[PDB]
Amino acid sequence: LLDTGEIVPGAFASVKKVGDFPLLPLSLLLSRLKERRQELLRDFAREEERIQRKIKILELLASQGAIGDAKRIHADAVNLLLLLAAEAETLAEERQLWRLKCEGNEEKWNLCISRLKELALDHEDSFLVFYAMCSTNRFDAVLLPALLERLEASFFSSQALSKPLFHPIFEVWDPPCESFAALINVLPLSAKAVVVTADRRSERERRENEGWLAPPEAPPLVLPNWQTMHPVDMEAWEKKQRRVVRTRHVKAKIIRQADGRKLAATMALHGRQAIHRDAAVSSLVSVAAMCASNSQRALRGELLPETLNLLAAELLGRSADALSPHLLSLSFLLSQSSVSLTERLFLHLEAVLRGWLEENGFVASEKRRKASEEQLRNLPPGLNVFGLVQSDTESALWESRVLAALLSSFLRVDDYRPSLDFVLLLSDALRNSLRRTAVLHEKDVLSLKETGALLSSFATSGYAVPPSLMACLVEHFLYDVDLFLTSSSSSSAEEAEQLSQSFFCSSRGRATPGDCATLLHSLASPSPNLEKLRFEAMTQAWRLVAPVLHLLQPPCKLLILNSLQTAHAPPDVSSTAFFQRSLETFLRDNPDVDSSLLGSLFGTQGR
Amino acid sequence: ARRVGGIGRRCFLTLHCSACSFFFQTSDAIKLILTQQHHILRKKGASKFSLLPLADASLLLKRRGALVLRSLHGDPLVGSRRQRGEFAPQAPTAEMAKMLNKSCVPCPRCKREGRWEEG
Amino acid sequence: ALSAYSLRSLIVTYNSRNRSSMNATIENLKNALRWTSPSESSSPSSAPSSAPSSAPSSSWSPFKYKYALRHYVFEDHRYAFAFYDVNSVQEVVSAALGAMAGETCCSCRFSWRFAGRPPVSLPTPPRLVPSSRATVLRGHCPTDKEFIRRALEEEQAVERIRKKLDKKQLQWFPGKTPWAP
Amino acid sequence: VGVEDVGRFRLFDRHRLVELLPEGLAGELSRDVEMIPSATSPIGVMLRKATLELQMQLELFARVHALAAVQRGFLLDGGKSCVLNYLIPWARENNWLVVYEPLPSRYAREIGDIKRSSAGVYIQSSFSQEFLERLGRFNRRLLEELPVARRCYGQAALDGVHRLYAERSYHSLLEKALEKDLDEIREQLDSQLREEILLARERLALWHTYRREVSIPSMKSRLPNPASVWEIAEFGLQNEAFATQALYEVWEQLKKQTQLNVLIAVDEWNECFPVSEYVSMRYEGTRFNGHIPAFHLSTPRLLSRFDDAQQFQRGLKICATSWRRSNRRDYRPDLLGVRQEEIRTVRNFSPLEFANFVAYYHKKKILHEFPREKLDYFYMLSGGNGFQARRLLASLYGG
Amino acid sequence: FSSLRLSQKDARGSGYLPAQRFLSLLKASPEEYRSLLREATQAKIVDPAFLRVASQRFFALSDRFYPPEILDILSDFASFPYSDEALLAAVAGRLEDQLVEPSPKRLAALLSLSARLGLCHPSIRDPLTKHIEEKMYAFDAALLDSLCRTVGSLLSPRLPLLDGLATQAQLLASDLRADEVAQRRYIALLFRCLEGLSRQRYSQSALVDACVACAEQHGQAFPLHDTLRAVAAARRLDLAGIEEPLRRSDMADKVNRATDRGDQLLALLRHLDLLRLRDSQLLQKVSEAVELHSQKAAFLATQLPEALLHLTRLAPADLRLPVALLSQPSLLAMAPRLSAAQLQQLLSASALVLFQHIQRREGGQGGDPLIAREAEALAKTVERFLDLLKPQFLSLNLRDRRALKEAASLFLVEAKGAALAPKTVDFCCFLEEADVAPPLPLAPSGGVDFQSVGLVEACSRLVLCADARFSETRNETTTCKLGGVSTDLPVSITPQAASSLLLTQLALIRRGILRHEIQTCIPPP
RNA sequence: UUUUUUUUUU
RNA sequence: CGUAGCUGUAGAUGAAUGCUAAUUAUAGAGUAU
RNA sequence: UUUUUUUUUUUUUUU
RNA sequence: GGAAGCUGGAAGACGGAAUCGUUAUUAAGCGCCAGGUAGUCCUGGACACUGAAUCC
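Note that the protein sequences, when read in sequence, are chains B, S, G, U and H. Per this note's numbering, the first sequence starts with residue 208, numbered consecutively. Per this note's numbering, the second sequence starts with residue 4, numbered consecutively. Per this note's numbering, the third sequence starts with residue 557, numbered consecutively. Per this note's numbering, the fourth sequence starts with residue 57, numbered consecutively. Per this note's numbering, the fifth sequence starts with residue 215, numbered consecutively.
Structure, rendered in structure tokens:
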């Protein structure tokens, strides 16, 4: 302390770090509550209000249990969710009775959402709902944005540090305290990334994968009639009213607030301090996810490259023992951003790949089985990755998806050469024989949505796919098409293909299948059974796009039309049936494009 | 408070240039064309050579020179007292821009041909 | 092509100098309807156009120091109607003009439309197999709502352009320009 | 200190603050401190979130020098000047050479002297002495210890203009002189090629000699062999001639060598571009009505160049504009020198920070009685703005 | 600064980037055109079709681009030299307006115009040459040194232009004359300038005396990697005396200063390419260092392929034999090297050596071939090198593919001449018929026939052949046989020039009917 | 009651 | 829209606006000091 | 709307 | 006849006395145009904003 009666200025030199180490579910918490029941009871008009309601919930929590729904389906809707959320997580002749109970919980969980959204939750109930979903890994793209506003307005409220705890007993047995002030400050880093990495897109967003779509901007269409027309003598009409009714056209619009972005900015700074602390590898994955944002952080401040550079510097200097297990999540997020310290970071991550596969037995099937399981559920907390692999029946069904996305991540880079040609052949051959024994059935078939993610990377990195076609003979045509038609006029054809991308969404409209035709064209790049199978695949996918080739995005239409008038394409497809007259239709709409040189991009010249 | 241009920061007296970055009011337009009379006369190829004395730089700053500039500039902003309401004066830059571009007068910043525009 | 034209809309406007005269026209126009060949008769929309007024001033008896004044009010009335998809020109133009009564003039506004290249494409869709390897109200327009929205937007665009251009060419002493002489 | 401590007030000693900031308080804080009746009360400054993001960048920049760290200045746009009262004192306490200038316009709207020259840059002998005198109040004990390089000895003119740029003004005068003198050699065909080339060769020989004899720049002959940068006392002695040459010499010296971290902070940077109160005959018809632009002077021009921040190998610059001296309007940031990725746009105070500000004034016996019932009521009135909050509560009893 | 770039990962692999930024370019603002152009510069793959689209639209949108914008756009053309016949019309339409007496534009404009096609006399040369000769009184020291490299690459110069820069350095260097002030400031500005003018076989009396070292005792001038400039300047027609003060130095005769693996072998090798010098008895010591350096694994996959390609010419200066060191002693498991970046460099090296083997004693003299077994070993390397390029063919830039065609067509002559296994598929699919962005050639302005010119597809990517002059003009010991089938002087350095010239004559006879061709057009070294 | 820009400053 | 709020000057003992070698606009013509 | 703005208000009208 | 630049030492700080009247979006200030069939008023007609007090 200084002699003037103040704090020494030398103390305020550096910035403190953040914790967020502990993380527990809602399972063990309930067990402790049921034990410390006799000790929790030891604790003006409002005196009775805060006691009467406060004890009734304690005895009930352990609205007649998990039965008597529908009729019952206010804090009633909030407490009910806890019972269902905690019951589902318990899992993580015997298959008959278990299925009956499992199905009921899932059906009831969704039903409670309808009533929950119809009423605006308070500050005392918004956090509980959000926290429960994270533990159970059941988010909603429609409900998440609504609940995010409540957590923000109350956080910055004047009565934040002075106000006491919420009266649900949930906060009594919690490490943090001081109501919402410090509760969010000690939030696990795993859950902090959700706020930053929140999708704010609406359902109308379809101009990226589906195709063209004109959005309306004039719902109300007020038109007069003969029975409700104002009389000619309008002067006397005003004198026959109690008060002024008609007024000049004055309407106030709605202005969007931060919508939770104000709180997200504060959370981003916490991850920066948790880099130079030499923490665990699992805890450090959350920092990369926040820094790899694309719609919230934007580029306002010049802190994104600085934080990324520091993260890479510490990540590079680490042992291979702790880095080998964590390779899919780190590489998936780190490949979404470009920085100067990119080549040096990726070189280290590539070396460990050689030893990881060799030690796992990849070119004694138990070694490769257990390794994949840990990378699919244990490692990824709540992430949703290429093709929606997110946190085995016979053979090579789940491990294939993990390996499929890994290759695409390394080929995504835009700083230097992805990898060596020798590595590509070794990697390709690694999965070549693995996919051969993938059960040549059921709904557990590799859909086109995840298939297109791998094919997209090879179409931009300048690497040609190998001659191997075994991957194309175990996907798409095999069961993804025949099964669709088996399960339950000119205008009828259009609805048949349209129904495919309605609920299950086997493909991303014109996003994933768009590159499928282009890749099959270029494959055998040189030219003076592979030939037979190529013709069947091209024709099958072509007839499924032609009927709906009127409402698609212009950029997507060019690619489809471009990859038909080529030497590699099969003959008797460009005849005067559906393509000859349809070609001039696109040219008339966009005459500015090249007409004579249509087949110049990927025509008879290949590339 | 008492800003020039009003609430909408109106500017009905300035003309922009396509080339470079330089603007001036119509007041300086008269002086520029008169000063650069040698270039204009030689471009086309006594009664014709009547404004030769006005090309002097010092003569413009004298009492006689001050009156000559004011005579040509009629102050278009000022008009009749009955020109009220919808009958309000508009920007006269439309006429000035045509003459400034047709006369092929060089810009003070960079020597260029007709490049002026309304703005 | 002349044969390819069609009356898109017909805005019918009225200008009456009396309250009773304007009311008579509305009743006459309604009576002319509900008598055409088609099931639903053409039901135009209503659009009042306010009521302009004028009243000059004069000094008031002569040989006075302007102690009193006498005003003479001259009110006016207006009415506008809208039409859409006028398939029958004889059953609409004749009805509008035949509904007049007294000193009640009219001012129509025709609106034609020409179609370009008729879109004719999308032949019988291809098909293959796996390789196995009414509601019409009484007093309402029968035309679709989508057509009205497309045509209504065009009218609002022309009005804005005309007002902008008209204001530019509006100055005292036409033909006078600065430093022209 | 950290993310947990946001929006708190840090006590500062009255005596210590004066020594750390000899020039004065940063911004309009002087108007709020005089309202406190107690003379022995400390001064508090709120720690806004905008300071935490900026403070972290400086920490990494210092550790690197012992391409990851930033090597360019920032810009605060939109309480932008409030952070200056906390960022400058903290940096100075960490052995950082900080250039303080909260009122740079004082040298452009006050009584002074101007002398036109061929370089076209007006100088101010009266204001040139005050720049160094005020800077040495607290930055002493370090400039003298710092050495001086030999590669930048005396290549600056009297008005601070470089030798290469100053001699260009005389190119027109010398061009006509050589044209008239060429008749001696022009009047003495041979192959029609070599005869013309030989005549042109004479121009190169004469031009080289003419560019090194007519011009006689002053290479600070008063100090033949310097030893340090703070030992230039002759600048303070002579003011009629040696007033601007020494000012620019120190500015260039603090770019080449790298021994200590530096920092420059220029407040109210939005009033340096507009016209000044001076009068001259340099107007472009009606562009200035016979006025000298502020950016055309010597001192304002020195602090009106952000694109040169790359040459600062020791530190970086920073500026902020929050006052109402001129309407910001569009305020184009692309045609000024800064980029869209280096602008920190702050927002109004949050409700959490608003409560602390009101409570802070209570401890100072500023307000009479502020009931908690109306605490949130006043938030909507002033809208939470700092300028509207202090003024509204000062006029009335508050609450 | 801290560079950063974000990818369009909204849907994680939706759409096609090459196609997305294709249609929008047809209708976009002038500012957006420049932003999209920079994307292709830093892109991995190159689309020849997209290059032509941007060039065509540039001419139409040239009415709103500011002078600074035109210079910035032209600067991006430095890499991967590419141009179109419509591009010259756009730049010529605004170059005159850009003449505002610029100090630095004299170099930036000239350097950018050096490549592609320029030197147009009555459009571009007249204003540039007239404005550069009269502005010699304001050139900076840095600009003058850079201008030397520009004039050297020009063809068919004029006496007034060459003499303008010759006298500029004499006066400029004198000022600095009266250890870092001379060792890196005085000598550097002397040998660098002399080499530039020496290319045009031009020299004056008041430059040689001053450029040479007056004092013979002035040792420690430049290191091993800079002294070659003085030697290259001499040995042209009658130059001597500059080499060594009496052919006895202290740092350029006893294995230079010091040669080692410490980032020194590559530097010397790189300097021998752009300098026309033959490895004499003293300069041949570099080849011996390769034997030991190649043993190390690190040097085998870091600089081995780069050194072999950059010094393939002059076989008896780098390699003991054409097949001995060019074989694969341990390359069976080490052939792969960064996918294609270094693998393609081996293909070109194997092609140039083939030409030297044939044209040694079959009517060219100057040596003799080796035992027939040498050809057998050489074929074993090329066969296993071309296959690896099939899957990596799409990972090559425009410049990488342009030079590949020259080395690819060579293998199609010896094989059929009376062999390679993959000569019927890889060599007859794309390597034989390429359609990459063809740049314009570098033609002189001596003929003065720019009013009747055309273009024909062949090996040199474009040529000058108009319809009116079709098949009609451009189409003793060192002149009889060397000026006939060879048509290449042993100035420049012929090993590369002979290969390119011979292929051009054949390509113009197989497809097109063009007889009575007068090659000439030999650029300086 | 009044703002920079087509480039020649270590 | 005007007195705005805000904010620089002199917290005016000295802010009165007519007199006229001289021009702006309408009109066929309003001219001479 | 933490990559949003950068700001006083009139005498007929969104039928 | 209207307005404007320049120039400026036209006549006035007298009188708390006295005569003209306002029933509050009254009174007191400030700003705009419609007609007077080229320009051409400090009056009359006509709209809008700030808007206090007394025993009436």
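Where is the CB? At the ideal position from N, CA and C, for every residue including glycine.
### Query
Buried or exposed: which applies to B:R638, given that a residue is buried once 16 or more other Cβ atoms fall within 10 Å of its Cβ?
Position 431 of the first sequence, counting from 1, holds the residue named residue 638 of chain B. The residue is buried, with at least 16 neighbouring Cβ atoms inside 10 Å.
### Query
Within the chosen definition, does the stretch 316-327 of chain U reach the stretch 133-153 of chain U through at least 3 CB pairs nearer than 8 Å?
By the Cβ rule, the stretch 316-327 of chain U counts as touching the stretch 133-153 of chain U, because three or more pairs are nearer than 8 Å.
### Task
Label G:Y570 either buried or exposed according to how many other C-beta atoms from any shown protein chain fall within 10 Å of its C-beta, with 16 as the threshold for buried.
Mapped onto the third sequence, residue 570 of chain G falls at position 14. Buried, by the Cβ-count rule.
### Query
Just checking my contact of B:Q448 with G:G695 at CB under 8 Å: how many whole Å lie between their CB atoms?
As a first step, residue 448 of chain B is located in the first sequence; it is residue number 241 there, counting from the start. As a first step, residue 695 of chain G is located in the third sequence; it is residue number 139 there, counting from the start. Distance from B:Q448 to G:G695 at the Cβ level is roughly 24 Å; contact not present, criterion being Cβ atoms closer than 8 Å.
### Task
Specify, as a first and last residue, the run of the beta strand (DSSP E) that U:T401 falls within.
Translated into positions along the fourth sequence, residue 401 of chain U becomes position 345. That run of the beta strand (DSSP E) goes 399-401.
### Task
Flag this pair as yes or no: are the beta carbons of G:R575 and B:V439 separated by less than 8 Å?
For this step, residue 575 of chain G is matched to residue 19 along the third sequence. For this step, residue 439 of chain B is matched to residue 232 along the first sequence. Yes, these two residues count as a Cβ contact at 8 Å.
### Query
Hey, is the stretch 598-616 of chain B in contact with the stretch 656-669 of chain B, meaning 3+ C-beta pairs nearer than 8 Å?
Counting Cβ pairs under 8 Å, three or more are found: they touch.
### Task
Put G:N574 into one of helix, strand or coil per three-state DSSP.
Here residue 574 of chain G refers to the residue found at position 18 when the third sequence is read from its first residue. Assignment of G:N574 by DSSP, reduced to helix, strand and coil, places it in the coil class.
### Message
Here's the rule: buried if 16 or more other CB atoms are within 10 angstroms of the residue's CB, otherwise exposed. What is G:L558?
### Response
To locate residue 558 of chain G, count along the third sequence from 1; it is residue 2. G:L558 should be labelled exposed.
### Query
Mapping DSSP to helix, strand and coil, what is B:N591?
For the purposes of this step, residue 591 of chain B is identified with residue 384 of the first sequence, where counting begins at 1. For B:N591, the three-state secondary structure derived from DSSP is strand.
### Message
The beta strand (DSSP E) that contains U:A376, what's its start and end?
### Response
The sequence position of residue 376 of chain U within the fourth sequence is 320, counting from 1. Annotation for U:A376: the continuous beta strand (DSSP E) segment containing it runs 372-376.
### Task
Could you tell me the boundaries of the alpha helix (DSSP H) in which U:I253 lies?
Within the fourth sequence, numbered from 1, the residue matching residue 253 of chain U stands at position 197. Run containing U:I253: 250-266, per the alpha helix (DSSP H) assignment.
### Message
For a minimum of 4 consecutive residues, which ranges assigned as the alpha helix (DSSP H) are wholly contained in the stretch 65-107 of chain U?
### Response
Those alpha helix (DSSP H) runs which fall completely within the stretch 65-107 of chain U and span 4+ residues are 70-76, 85-89.
### Query
Do B:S770 and B:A731 have their C-beta atoms within less than 8 Å of each other?
Taking the first sequence and counting its residues from 1, the one referred to as residue 770 of chain B is at position 563. Taking the first sequence and counting its residues from 1, the one referred to as residue 731 of chain B is at position 524. Their beta carbons are not under 8 Å apart, which means B:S770 does not touch B:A731 by this criterion.
### Message
For a quick check, are the C-beta atoms of B:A293 and B:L335 less than 8 Å apart?
### Response
Here residue 293 of chain B refers to the residue found at position 86 of the first sequence. Here residue 335 of chain B refers to the residue found at position 128 of the first sequence. One thing to note: B:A293 has its Cβ no nearer than 8 Å to the Cβ of B:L335.
### Message
Can you tell me whether H:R226 is helix, strand or coil according to DSSP?
### Response
In the fifth sequence, the residue the question calls residue 226 of chain H occupies position 12. Per DSSP, reduced to three states, the secondary structure at H:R226 is coil, with no helix or strand assignment.
#### Entry: Coarse secondary structure for B:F334, derived from DSSP in three states
Looking up residue 334 of chain B in the first sequence gives position 127. Helix at B:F334.
### Query
Below 8 Å between beta carbons: does that hold for G:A638 and G:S565?
Here residue 638 of chain G refers to the residue found at position 82 when the third sequence is read from its first residue. Here residue 565 of chain G refers to the residue found at position 9 when the third sequence is read from its first residue. Less than 8 Å divides the Cβ of G:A638 from the Cβ of G:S565.
### Query
Distance, Cα to Cα, H:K258 vs S:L103?
The sequence position of residue 258 of chain H within the fifth sequence is 44, counting from 1. The sequence position of residue 103 of chain S within the second sequence is 100, counting from 1. The alpha-carbon atoms of H:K258 and S:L103 are separated by roughly 51 Å.
### Task
Counting only the same chain and skipping the five closest in sequence on each side, list residues whose C-beta sits under 6 Å from that of S:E120.
Counted from its first residue, the second sequence places residue 120 of chain S at position 117. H19, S21, listed in sequence order.
### Query
How many angstroms separate the CA atom of U:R267 from the CA atom of H:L728?
The sequence position of residue 267 of chain U within the fourth sequence is 211, counting from 1. The sequence position of residue 728 of chain H within the fifth sequence is 514, counting from 1. Their Cα atoms are separated by approximately 58 Å.
### Query
For a contact meaning CB atoms closer than 9 Å, what does U:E340 contact in chain S?
Along the fourth sequence, one-based indexing puts residue 340 of chain U at 284. Under the 9 Å cutoff, chain S gives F25, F27, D31, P111.
### Task
Can you tell me which of B:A348, B:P720, B:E738, B:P762 puts its alpha carbon nearest to the alpha carbon of B:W749?
Stepping through the first sequence from its first residue, residue 749 of chain B is reached at position 542. Nearest in C-alpha terms to B:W749, of all of B:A348, B:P720, B:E738, B:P762, is B:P720.
### Task
Provide the residue(s) that pair with G:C661 in DSSP beta bridges, ordered along the chain.
As a working note, residue 661 of chain G is residue 105 in the third sequence. DSSP lists G:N571 as the beta-bridge partner residues of G:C661.
### Task
Return the residues of the stretch 408-430 of chain B that lie within a Cβ-Cβ distance of less than 7 Å from chain H, sorted by chain order.
For chain H, the residues of the stretch 408-430 of chain B that bring a beta carbon within less than 7 Å of one of its beta carbons are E415, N416, in chain order.
### Query
My guess is that H:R471 and H:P519 are in contact by the Cβ rule of under 8 Å, so how many angstroms apart are they, rounded?
As a working note, residue 471 of chain H is residue 257 in the fifth sequence. As a working note, residue 519 of chain H is residue 305 in the fifth sequence. A Cβ-Cβ distance of about 27 Å is found for the pair H:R471 and H:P519, leaving them out of contact under the 8 Å criterion.
### Message
Just to make sure I have the definition right: I need the residues of chain H whose C-beta is within less than 9 Å of the C-beta of U:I253. Which are they?
### Response
In the fourth sequence, counting from the first residue as 1, residue 253 of chain U sits at position 197. What U:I253 touches in chain H: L373, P374, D377, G378.
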